[PDB]
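All remarks here apply to the structure that follows.
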Amino acid sequence: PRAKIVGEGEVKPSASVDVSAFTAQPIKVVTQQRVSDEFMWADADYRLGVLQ
Amino acid sequence: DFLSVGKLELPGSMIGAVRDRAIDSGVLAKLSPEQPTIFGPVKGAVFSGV
Numbered sequence: 054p055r056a057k058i059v060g061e062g063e064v065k066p067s068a069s070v071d072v073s074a075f076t077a078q079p080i081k082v083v084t085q086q087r088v089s090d091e092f093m094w095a096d097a098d099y100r101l102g103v104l105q
Numbered sequence: 004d005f006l007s008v009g010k011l012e013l014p015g016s017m018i019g020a021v022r023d024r025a026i027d028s029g030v031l032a033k034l035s036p037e038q039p040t041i042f043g044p045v046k047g048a049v050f051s052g053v
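Those protein sequence lines, which keep their order, are chains H and L. Sequential numbering of the first sequence, starting at 54, is according to UniProt numbering. Sequential numbering of the second sequence, starting at 4, is according to UniProt numbering.
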């Protein structure tokens, strides 16, 4: 705020307060990969360790 | 003329299935061993001539 020079008789004024509110909405994100079972058995018995 | 079983409507009884019937199933499994292997294309050797 800005102060003001005031004489003995003059009027002491006022100032305004500046306030700004921000808001954020929650967002969910998804990530999907479509794997086949023929692959799933492969990484299991062929021993590659692909998924983990 | 008399009291019968028709008036007393009986539900009945269930004799569903027999545990062991003869099924055709698979003949091939009888003529050669199963030779189980890992998933993936199988390759072997063929000895032909004499």
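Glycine included, each C-beta is placed from N, C-alpha and C at the ideal position.
CB contact below 8 Å: residue i versus chain L
i	result
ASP90 (chain H)	no
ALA77 (chain H)	no
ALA95 (chain H)	yes
Residue-chain proximity (residue i, chain H), Cβ-Cβ < 8 Å
i	result
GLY15 (chain L)	no
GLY43 (chain L)	yes
Residue i versus residue j: straight-line alpha-carbon distance, rounded
i	j	result
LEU101 (chain H)	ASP27 (chain L)	40 Å
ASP90 (chain H)	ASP23 (chain L)	34 Å
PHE42 (chain L)	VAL88 (chain H)	17 Å
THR84 (chain H)	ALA97 (chain H)	23 Å
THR76 (chain H)	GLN105 (chain H)	38 Å
Best match in the options for proximity to residue i [C-alpha to C-alpha]
i	options	result
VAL72 (chain H)	H:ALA95, H:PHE92, H:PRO54	H:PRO54
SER67 (chain H)	H:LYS57, H:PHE75, H:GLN86	H:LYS57
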